[PDB]
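# Breakdown of the fold
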Amino acid sequence: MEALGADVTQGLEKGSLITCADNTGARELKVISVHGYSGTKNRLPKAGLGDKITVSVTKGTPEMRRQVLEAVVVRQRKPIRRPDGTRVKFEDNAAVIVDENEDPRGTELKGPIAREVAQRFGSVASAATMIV
Amino acid sequence: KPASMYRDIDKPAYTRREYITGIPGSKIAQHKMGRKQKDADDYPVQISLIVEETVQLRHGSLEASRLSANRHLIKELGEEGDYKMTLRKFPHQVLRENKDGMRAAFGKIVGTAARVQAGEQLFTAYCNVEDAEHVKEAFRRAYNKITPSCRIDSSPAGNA
Amino acid sequence: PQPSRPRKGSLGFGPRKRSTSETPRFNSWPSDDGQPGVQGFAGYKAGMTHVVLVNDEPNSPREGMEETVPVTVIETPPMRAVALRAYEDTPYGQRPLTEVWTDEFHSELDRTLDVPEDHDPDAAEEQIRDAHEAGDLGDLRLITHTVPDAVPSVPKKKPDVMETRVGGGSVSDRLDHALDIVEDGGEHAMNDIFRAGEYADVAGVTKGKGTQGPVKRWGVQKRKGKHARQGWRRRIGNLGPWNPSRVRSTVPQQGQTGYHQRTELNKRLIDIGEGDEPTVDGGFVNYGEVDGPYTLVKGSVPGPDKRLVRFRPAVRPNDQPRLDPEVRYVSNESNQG
Amino acid sequence: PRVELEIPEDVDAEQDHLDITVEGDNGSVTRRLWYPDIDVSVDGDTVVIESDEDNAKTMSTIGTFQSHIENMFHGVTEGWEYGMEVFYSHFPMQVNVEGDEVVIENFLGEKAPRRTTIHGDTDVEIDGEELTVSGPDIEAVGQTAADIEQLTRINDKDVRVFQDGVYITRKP
Amino acid sequence: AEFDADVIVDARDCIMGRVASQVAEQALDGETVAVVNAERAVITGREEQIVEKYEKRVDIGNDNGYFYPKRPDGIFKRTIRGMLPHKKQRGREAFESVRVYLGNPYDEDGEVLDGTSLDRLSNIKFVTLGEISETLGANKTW
RNA sequence: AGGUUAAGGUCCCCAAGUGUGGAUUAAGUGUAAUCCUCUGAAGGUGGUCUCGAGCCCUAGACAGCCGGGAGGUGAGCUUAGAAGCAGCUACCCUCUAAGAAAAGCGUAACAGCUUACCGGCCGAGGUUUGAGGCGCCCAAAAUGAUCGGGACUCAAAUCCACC
RNA sequence: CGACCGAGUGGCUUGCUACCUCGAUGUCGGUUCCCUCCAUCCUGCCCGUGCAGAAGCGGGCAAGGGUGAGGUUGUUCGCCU
RNA sequence: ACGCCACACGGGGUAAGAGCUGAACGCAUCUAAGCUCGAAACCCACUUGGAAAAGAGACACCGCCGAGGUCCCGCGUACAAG
Ligand SMILES: [Cl-]
Ligand SMILES: [Cl-]
Ligand SMILES: [Cl-]
Ligand SMILES: [Cl-]
Ligand SMILES: [Cl-]
Ligand SMILES: [Cl-]
Ligand SMILES: [K+]
Ligand SMILES: [Mg+2]
Ligand SMILES: [Mg+2]
Ligand SMILES: [Mg+2]
Ligand SMILES: [Mg+2]
Ligand SMILES: [Mg+2]
Ligand SMILES: [Mg+2]
Ligand SMILES: [Mg+2]
Ligand SMILES: [Mg+2]
Ligand SMILES: [Mg+2]
Ligand SMILES: [Mg+2]
Ligand SMILES: [Mg+2]
Ligand code: NA
Ligand code: NA
Ligand code: NA
Ligand code: NA
Ligand code: NA
Ligand code: NA
Ligand code: NA
Ligand code: NA
Ligand code: NA
Ligand code: NA
Ligand code: NA
Ligand code: NA
Ligand code: NA
Ligand code: NA
Ligand code: NA
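- The deposited entry bears the title "Negamycin Binds to the Wall of the Nascent Chain Exit Tunnel of the 50S Ribosomal Subunit".

- A UniProt comment under Function is attached to chain A, and it reads "Forms part of two intersubunit bridges in the 70S ribosome (By similarity). Binds to 23S rRNA."
- Check the Sequence similarities section of the UniProt entry for chain A; it says "Belongs to the universal ribosomal protein uL14 family."

Listed below in structure tokens is the structure:
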């Protein structure tokens, strides 16, 4: 993929429960896999900011629940490093549901976003309320 | 099962049907092929297939090689062409198999085989000088389906 | 079905034993390209800080922008090429033929060497040119030593001797070039060899850590779960199969870790200067105050503070040189906090 | 056996050890003819290839040496010449002689120029969409020509459809 | 340096094993021998299989060790050791009183032993010690 | 205790030959009597050596290159059409030194490309088939390859004799 | 793609045998840690195609490196994401 | 370490394979002699060890009644004793 323009310490694992920052109808999401990743023996597969993950819907509307969909990580508690040395961290862990073409499934995003996510998913960013 | 289990002559002759019951029928459809009404002396050329090693050939092999040779003569000469081939052997030796361990090991009847001494003619075809190259090829396929090495030998034929 | 997995550690840096010479010894030299010249210099590790630079990389989407980069500070005072040694080509590799010395020696060179009182700088030189005429001359290298006395932060006064190769134009021309550097008094500085913005190979003897176990030494796992509570916490499962009935040297075991020689490739030189611009408030921890001839190396360097580190022009650079990077800020903040 | 080859008036051949040199107006060619018990010599006006053995393997090589020497007589007088033609369908291919090698640019739309070094004293002359390889050493000239055709080799796609490249038109 | 050799042999273009057998014969007889021009000694056969054998001898090994020389110095000296009872007193002495050389460090020209020469005009399938060494990855210091 | 042999062996390790006359093998085949132990099969081989038979040839053989390869007529029939060449039947005489009612491609059918057959250049053996010898392919396994090892090629291998 | 019939290689399964140990060579599965084989799953380089391309399918050389995380089950095996 | 720095290209020889010249066998033929290429695989390149390599190594200087060294003392860039 295109370079993020920042270093990321993955703060999420396979099985992690995170926040779905949108209005698709899904509230809580569970990470199942990370696109393009292949780890090593005994290592629990990891995900972080700017990564595209496969997810299952834990909470939300009856229809959205149990559905296996794709998503993009937008915010994470573990710190990341900007090119100027400064560290940046968020209040929670969140991702936005997305389709085959990387276009947000919902109509609106809930909460802030990392400027770095724009360099990868412009159509997701071009729906952002706040880009920090 | 493999011929490796029955190719050598390493047991006594077991052909007395008066003491052996339940012997499977032979798969050999016919022994006299071509034009059986015509005579052997009514042909210019006569080629036989000679076996090079002393062996045992199961009825399954006799049928397969007889089939794949005559099938060629029928393909190149026709269902009523001018020729006549002869499978001059019949499967007399009865075969067993120990199919308990080595206790009461005498086997049960599983098949039949023809014993051919090295130097004997298994097949013998009779044809005109034209069809001489077809009979050779038919025999080439025939020795590909039996255990021993073979010599295709033209007995009466100096029209080479 | 037992998943596949790469082995613990590398078999290429052994045997993992204590280094014989604390002073590193390069086993490779640059190619003879441009003009003649010495292929290496040395200094003493001081400590680290950070700097702000303008993006030099022409292929970066950020070129021209600010960028924070970590730097290891190294004091690089002038050294002295005290002699010119020549090698000859024989059916058994290269062998030392003869050496050419001087008269001007440092006041404390006698703390390590038995300084020459009677020498013949001509007979030696003659022997070298005769051999060169014969076409048996191998290569040319200078015997160099540092001046620990210049660096106050370092206790030792006794110099560090090392043989550095000289390569360049023609054998004849660099033979002459060498002789000149020596005769003077051998005095030379980092400027004479390196320029800010080039890539260098830094060698050094790492920080010693005495005896250590397999987990640390080789990077093997700790016992997991229930196994970690039985009597074994940091010990590998087995020393090998039933057959072969012997312990293979490839299995991870305990021993000496650290204090080995390593040669780290493609280190970028950020700035060669003098004075006290890079010194830290309150002094570098466990080292002291820097004020004089120094060098700013990008990233880390093998070894602890005070240890002798050697420079060599990168023998296998991955990139092209981007000279004199624009430095906008050198942190002087205290390293205590 | 013994075969005698009469050297032309135009030519002049000298031999040293197992090496043979053939000089003519079009140049010179030196080869190395080495094989168990086969003797090659210069007897004033003729070249002699002889051996005491007569087996199939010896006879094979004796005949080979002859054709090699005759080809050397030809290269030094008439010389060898292979002629090629550049053909392309969509992307305009550029064939040029740069240095001691021949470079080909924009093959099938490529950005990277395909090239090959010319063998020995071979002379490659280009005229529009026609090429002509020539020289005295038939081995050298022969390879050089073939290397040009081999340079447009394509394995990934259908050769029947993607027929771009230079091809040997006339063989001597 | 300085070997007081009673005999100097020229191995150039000579069949290695045949030379080696005679050197061993003499050394055991109390002779001091110096084999010269080892890089130019020869071994008959199809080069592909000869080298396959020598490269295989290099791969063999373990912690205990299987040191096998890559330079013509050693290859030759190892070939000779194989014809001498080197683990015995009489045999170690004999072996140690023999030395192989790259080129010729002497003034005299070595003598050629009977039966050991190869006629290049009669043979094309053979290889030179130095050629094997180069394939083994040795440094051509000759 | 002296002497001579047996099995086995005589390039080195290792006592005794780098023995003699001659031939084959290029695979390191092989240097492996017997064997749990030393594998190697059906099938295949213009690898190479030796031997026999039939036919062709200086009235020019085999191959190659050049030239000719003709008309009656694009036979008749079937068919809108078929002309060597879809199919069915026939398969004739002229010209001549040869040339099919055409053997194989090719066209929608023609055309177009060659085969048969004649001539020329050239100049020496050619071609068909039978049998034998040694080798080659077939031929994939686990800590480090092997003929006991080294190493050996007009042998230090294999076969026939001999000192 | 490939029946029949025929010739083999391996020593992973299974069966047969009763040579070695009954004054004991500690079991299955798992785990950890090390070396290896090739009959190659990926990666390099190739050949054919019912090869336009793109995606394949089949075959050759090749053991440098890689071949991971989970749900049921003690399971090996195997089914499933 | 969960943080940060550094870890080739290029040559040489080959396999499968693609070809050149070329004969046995006038022609043809990638092969029999010869040659041009061509694999993450082989060799070099690079890193690490390495005078006990028994052919037990090389150079420069100081010294053989004195060069150099161990012990002692204050300490660690080192360390289980050493
Ligand atoms: Cl996963
Ligand atoms: Cl564990
Ligand atoms: Cl080893
Ligand atoms: Cl011994
Ligand atoms: Cl030869
Ligand atoms: Cl061998
Ligand atoms: K027991
Ligand atoms: Mg696990
Ligand atoms: Mg317990
Ligand atoms: Mg601090
Ligand atoms: Mg702070
Ligand atoms: Mg494709
Ligand atoms: Mg003796
Ligand atoms: Mg063998
Ligand atoms: Mg046997
Ligand atoms: Mg035990
Ligand atoms: Mg394979
Ligand atoms: Mg491996
Ligand atoms: Na029973
Ligand atoms: Na058979
Ligand atoms: Na315990
Ligand atoms: Na415990
Ligand atoms: Na055990
Ligand atoms: Na040999
Ligand atoms: Na070895
Ligand atoms: Na062998
Ligand atoms: Na088997
Ligand atoms: Na016991
Ligand atoms: Na277990
Ligand atoms: Na591999
Ligand atoms: Na499972
Ligand atoms: Na290569
Ligand atoms: Na020593």
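The structure having been displayed, the exposition proceeds.
## Details of the protein's contact with RNA strand G
- Close to RNA strand G lie 44 residues; B:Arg7, B:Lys145, B:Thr147, C:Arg5 and D:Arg153 are nearest.
- Taking B:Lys145, its main chain carries an N or O atom lying 2.6 Å from a sugar or linking oxygen of RNA strand G.
- Here the surface near RNA strand G is built from residues that sort into 16 nonpolar, 14 polar and 14 charged.

## Quick notes on helix α1 (residues 16-28) of chain E
Residue and element names in this part refer to chain E.
- Taking 1.5 Å per residue, 13 residues should reach 18 Å; α1 reaches 18 Å between its end C-alpha atoms and fits that length.
- Burial in α1 covers these residues: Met16, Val19, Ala20, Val23, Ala24 and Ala27. With its buried residues spanning 135° around the axis, α1 presents them on a single face. In this structure, α1 carries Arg18 and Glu25 as exposed residues pointing more than 90 degrees from its buried face.
- Just past α1, the residue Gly30 takes up positive phi, approximately 80°.

## What about the protein's contact with RNA strand F?
- E:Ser21, E:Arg46, E:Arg57, E:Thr79 and E:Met83 are the nearest of the 38 residues found near RNA strand F.
- For RNA strand F, the backbone portion of the atoms within 4 Å of the protein, that is sugar and phosphate, comes to 64%.
- Within the side chain of E:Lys56, one N or O atom sits 3.0 Å away from a phosphate oxygen of RNA strand F.
- Between a sugar or linking oxygen of RNA strand F and a main-chain N or O atom of E:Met83, the distance comes to 2.8 Å.
- Only α1 (56-76) of chain D together with α1, β3 (42-44) and α2 (47-59) of chain E provide two or more residues apiece to the surface near RNA strand F.
- Looking at which element gives the most residues to the surface near RNA strand F, the answer is α1(E), with seven residues.
- When its residues are assigned to classes, the surface near RNA strand F shows 14 nonpolar, 13 polar and eleven charged.

## So, α2(E)
Residues and elements named next belong to chain E.
- Compared with the 18 Å implied by 1.5 Å per residue over 13 residues, the 19 Å span of α2 between its first and last C-alpha is a close match.
- Among the residues making up α2, those that are buried are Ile50, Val51 and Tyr54. All buried residues of α2 lie within an arc of 90° about the axis, which places them on one face of the element. Those residues of α2 that are exposed and angled more than 90 degrees off the buried face are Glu52, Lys56 and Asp59.
- For α2, the elements touching its buried residues are β3, α3 (72-81), β5 (126-128) and α5 (129-135).
- Backbone geometry just downstream of α2 places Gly61 in the positive-phi region, at approximately 160°.

## So, the interface of chain C and chain E
- Every contact between the two is made by eight residues of chain C and, on the other side, six residues of chain E.
- Both sides together, the interface formed by chain C and chain E hides about 460 Å², and carbon and sulfur atoms give 32% of it.
- Considering only the surface of chain C that becomes buried against chain E, C:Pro91, C:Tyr92 and C:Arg246 emerge as the three largest contributors, covering 76% of it.
- Between the two partners, chain C and chain E, sit one salt bridge.
- Close ionic contact of C:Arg246 with E:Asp63 constitutes a salt bridge, the shortest N to O distance being 3.9 Å.
- Joining chain C to chain E, the criterion identifies four residue pairs in polar contact.
- Taken together, the residues of the side of chain C that touches chain E sort by class into three nonpolar, three polar and two charged.

Basis of the calculations
As a numbering rule, every chain is indexed from 1 in the order its sequence is written, which need not reproduce the entry's residue numbers; residues that lack coordinates are not presented. A letter from A marks each chain and a number from 1 marks each ligand, given out in the order of writing. This view covers only part of a larger assembly, and the values given relate to that part. To obtain the side-chain values, all non-hydrogen atoms of the structure were used and water was disregarded. UniProt positions are given in the numbering used here, feature names are shortened, and annotations may be inferred rather than shown by experiment. For this purpose, a residue is taken to be near a molecule or strand whenever a single non-hydrogen atom of the residue falls within 4 Å of it. Contacts described as polar in this section are N or O atom pairs within 3.5 Å, which, within protein, must combine one atom able to donate a hydrogen with one able to accept it, while residues neighboring in sequence count only if both atoms come from side chains. Residues are grouped as follows: nonpolar covers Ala, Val, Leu, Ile, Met, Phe, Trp, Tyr, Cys and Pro; charged covers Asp, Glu, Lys and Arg; every other residue, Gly included, is treated as polar. In DSSP terms, a helix is any run of H or I states spanning at least four residues, a strand is any run of E spanning at least two, and both are numbered starting from the N terminus. Helix span, as expected, comes to 1.5 Å for every residue beyond the first. A simple rule labels every residue: compare its accessible area, found with a 1.4 Å probe on the protein chains alone, to the largest value its type can have, and call it buried under 20%, exposed over 50%, or partly exposed in between. Regarding the arc, it is the one traced by the directions from the helix axis to the C-beta atoms. Residue contacts follow a heavy-atom distance rule, with two residues in contact if any of their heavy atoms lie within 4.5 Å. Joining two parts hides part of their accessible area as seen by a 1.4 Å probe, and the buried area is that hidden amount summed over both. A pairing counts as a salt bridge when a side-chain nitrogen of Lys or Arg comes within 4 Å of a carboxyl oxygen of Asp or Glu.

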